[PDB]
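Numbering (the working numbering), first residue to last: 45 to 306.
Using N, Cα and C, we set each Cβ at its ideal position, and we do this for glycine too.
These notes concern the structure reproduced below.
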Ligand SMILES: Cc1ncc(-c2ccc(Nc3cc4c(cn3)cc(-c3cnn(C)c3)n4C(=O)OC(C)C)cc2)n1C
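Here's what the structure looks like:
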């Protein structure tokens, strides 16, 4: 099986992932260069869903020139029936990687954290608040993490369609029933906490309702066990402040000893 994008032919090696009416493929061009092609079937898509895909593509296109920590979009084809998006190929998403790993190297953790801060800082500068950050939103491309979605369109699962997670959800979002660039700091904080302690802050709470209650309860103290990297411990405490006004910002996190000193 093959496909054509803007007069260029690509052969399909396999399906990497899926989600809703979209499929992600590992492909080769004519020079045998590897790419990821996202195919989106638009036949049963409404105006709200069309706008979400148009907005994602537009932000991907714009942000290319602003940071190398956003996945490269090389070409695309858009009609009334489908979307083809030609992107750079990555080895694995951060979530599948964190599942394989028994323990993480402190230097790899630090490098990954800096990439995540740079990618998220760039989207904030263009007025995007992701609000749904989790490790699966990051892709490893040549020892570097790259953001692959903006929380604007449908999420891809590597190849259960009910699968979600409340584990990275900021308290203000739950309370508001508010969401600012600070909301993404809390989610990045939960990812770093996972990379440090091997669990997310509220993972042990079984019931999802009890979990949401724990996220917003100031009386529920998050445990921060003593570790050799005192700067890392400090980053974690600053990110996971329940009050977003008290919570550290991304420009401040980029000037922190943990990211700048090694
Ligand atoms: C164990 C395991 N499960 C899944 C994987 C795995 C393997 C390879 C990849 N590589 C990969 C995935 C990619 C892309 C480029 N490379 C681009 C995308 C993409 C889709 N939409 N947008 C805007 C970008 N992408 C993607 O969505 O991957 C999903 C399946 C995790 C991603 C995940 N692995 C290694």
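Which stretch, first to last residue, makes up the alpha helix (DSSP H) that contains residue i?
i: residue 103; result: 91–107
i: residue 127; result: Taken as a continuous stretch (DSSP letters only), residue 127 belongs to no alpha helix (DSSP H), being part of the beta strand (DSSP E) at 126–131.
i: residue 143; result: 138–144
i: residue 284; result: Residue 284 -> no alpha helix (DSSP H), and no H or E assigned at all.
i: residue 260; result: 252–260
Is residue i helix, strand or coil when you go by DSSP?
i: residue 113; result: coil
i: residue 85; result: strand
i: residue 298; result: coil
i: residue 223; result: coil
i: residue 68; result: strand
i: residue 63; result: strand
i: residue 236; result: helix
i: residue 46; result: strand
i: residue 147; result: coil
i: residue 58; result: strand
i: residue 275; result: helix
What are the boundary residues of the beta strand (DSSP E) that includes residue i?
i: residue 184; result: 182–185
i: residue 293; result: Note, residue 293: premise wrong, no beta strand (DSSP E); not H, not E.
How about residue i and residue j: are their beta carbons less than 7 Å apart?
i: residue 228; j: residue 164; result: yes
i: residue 182; j: residue 138; result: yes
i: residue 129; j: residue 159; result: no
i: residue 262; j: residue 286; result: yes
i: residue 196; j: residue 91; result: no
i: residue 298; j: residue 161; result: yes
i: residue 133; j: residue 180; result: no
i: residue 214; j: residue 230; result: yes
i: residue 67; j: residue 59; result: yes
i: residue 127; j: residue 71; result: no
i: residue 191; j: residue 237; result: no
i: residue 252; j: residue 185; result: no
i: residue 55; j: residue 46; result: yes
i: residue 168; j: residue 225; result: yes
i: residue 260; j: residue 218; result: yes
Could you check whether the Cβ of residue i sits closer than 7 Å to any Cβ belonging to chain D?
i: residue 302; result: Given the protein chain composition of this structure (a single chain), no chain D is represented.
**OP:** Let me have the residue list for ligand 1: C-beta closer than 5 Å to any non-hydrogen atom, ordered along the chain.
**Re:** 60, 61, 68, 80, 82, 131, 133, 134, 136, 137, 140, 192, 200 and 202
Subject >> Unbroken stretches of the beta strand (DSSP E), 3 residues or longer, contained in the region 152–233 >> reply: Those beta strand (DSSP E) runs which fall completely within the region 152–233 and span 3+ residues are 182–185 and 188–191.
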